[PDB]
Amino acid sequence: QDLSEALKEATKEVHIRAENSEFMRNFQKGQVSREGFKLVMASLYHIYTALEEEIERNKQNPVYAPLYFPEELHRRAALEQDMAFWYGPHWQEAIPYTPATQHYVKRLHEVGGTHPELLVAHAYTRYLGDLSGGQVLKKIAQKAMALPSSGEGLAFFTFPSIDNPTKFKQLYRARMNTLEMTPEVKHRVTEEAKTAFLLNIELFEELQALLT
């Protein structure tokens, strides 16, 4: 059984739960506020910053290397543009860094520093979702907040080096399936992907509480 299928199957239940967190439910319905959106985007900025520092650390490591697609997928530069848009030119000092974001970042560094064979779980959880449902969420954010089609403020959701998100997803999946894989590693990759999802759910629970 292929890793990319194992992961999708192992995370389908927790995905249903992540979509039905209060924050994403509100989001889905078009009820995102500028404050809420700013909080989540500032949190992703720290998260992707951590994920991508660790992808760099391990880019030559064969437990990750076949998924090294910085030009196409990396999000940090995009989030930096979005932060300047939403928080202004001194965004670096304005943006929050919540404890639930700190927790996710911490685990990202643990995985990247000490269990890099699990980094694929974290890249899967974030990038493949960004290439799928992320595009749906973009449209909702755009309509809710009157964001222009020109893309300012939504650089995170825009992949200028991928023509077709779905084709790239297929490539990414086919490359996932070339990773060297023992039952040990596979079993723990799918577990870690479930933790990645939980860390996101916990971020969302946290943000909702901060907002209400």
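A residue's number is simply how far along the shown sequence it sits, counting from 1. Note that the rigid core is defined as the largest set of C-alphas that superpose within 1.5 Å between two forms.
With every structure aligned by its rigid core, 29-37 is the stretch of 29-37 and 177-185 whose CA positions lie farther away in 9 other deposited structures of this protein.
Averaged as a root mean square over residues and superposed structures in 9 other deposited structures of this protein, CA distances to the shown form are larger in 132-140; the pair compared was 114-122 and 132-140 with a core fit. Mean CA temperature factor is higher for 160-168 when stretches 145-153 and 160-168 are set side by side in the entry. Of the two stretches examined, 174-182 and 44-52, the record assigns the greater average C-alpha temperature factor to 174-182.
Across the options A193, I16, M24, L199, the residue with the most elevated CA B-factor in the record is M24. In the PDB entry, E110 places in the lowest third of its chain by CA B-factor. When the modelled residues of the chain are ordered by C-alpha B-factor, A94 sits in the highest third.
Annotation for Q135: CA B-factor lies in the highest third of the chain's modelled residues.
The deposited CA B-factor of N61 belongs to the middle third of values across its chain.
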